[PDB]
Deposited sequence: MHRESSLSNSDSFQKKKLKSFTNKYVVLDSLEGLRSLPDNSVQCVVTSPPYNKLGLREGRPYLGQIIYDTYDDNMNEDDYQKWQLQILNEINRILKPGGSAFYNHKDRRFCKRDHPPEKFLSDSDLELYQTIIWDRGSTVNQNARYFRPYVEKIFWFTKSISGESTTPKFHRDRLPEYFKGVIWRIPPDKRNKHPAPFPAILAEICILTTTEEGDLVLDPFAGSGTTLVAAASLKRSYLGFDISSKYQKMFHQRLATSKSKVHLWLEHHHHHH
């Protein structure tokens, strides 16, 4: 595992997410940014599967590490993992095509900010809010969808940038165990952090490899 981590650094690995997490050694990942899929589902089956994912993330996180978990009663089962929920971030997407008038316009997704627990005690995450522009220092992030992304359900690069830049130094490992188009990986690389992704789709691995090749290494966050 410790040797295998050297061989996992700056790679997009086509592999089941739980298998990949179990190959990582303890206290080896500084930051996780991810948006899990809907299914690889019965509600009970999905909860425990996501529960194994979160419990593995708690093991692999470094003390002071952070996991940012974008989800579309989720909090009912997320409480049951070894991870400690630290803050719930509100992602305001700006607009929504769902104009159904049975409810208020649902243009918000939650980003759960988890932190590692050692022996049942709550750590405080490494966090540098000063590194962000004022626009993103608050609990509501107004970030519109990234239309140029080829994945069916991605998140924007600047979303991962905010998570990575505030909780890492250069060279730290960033993990996305549901990498998809590789948005988290591209953000980490643009920020001179190391990256690692897991996905079951070799189509999306190829998508990430070509995305890496065809775009200049842009940073969206500003000073």
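- Against the full deposited sequence, the model leaves out several stretches, namely 1-13, 54-74, 107-115, 267-273.
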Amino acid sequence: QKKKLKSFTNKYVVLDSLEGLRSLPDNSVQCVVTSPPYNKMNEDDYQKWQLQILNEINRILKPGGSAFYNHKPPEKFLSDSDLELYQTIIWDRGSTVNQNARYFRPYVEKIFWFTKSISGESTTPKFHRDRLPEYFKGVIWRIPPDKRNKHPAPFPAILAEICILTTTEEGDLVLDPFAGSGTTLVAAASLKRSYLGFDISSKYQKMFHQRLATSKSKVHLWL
From here on, numbers count along this sequence of modelled residues.
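- Per-stretch averaging of Cα B factors for 147-155 and 102-110 places 147-155 on top.
- For the pair 191-199 and 161-169, the record assigns the higher mean C-alpha temperature factor to 191-199.
- As recorded in the entry, 42 carries the highest CA temperature factor of 183, 30, 55, 42.
- Per-chain ranking of the deposited C-alpha B factor places residue 66 in the middle third.
- Per the PDB record, residue ranking by Cα B-factor puts residue 82 in the middle third of the chain.
- Per-chain ranking of the deposited C-alpha B factor places residue 118 in the highest third.
- In this PDB entry, residue 88 carries a Cα temperature factor that places it within the lowest third of its chain's modelled residues.
- Among the modelled residues of its chain, residue 51 has a C-alpha B-factor that falls in the highest third according to the deposited record.
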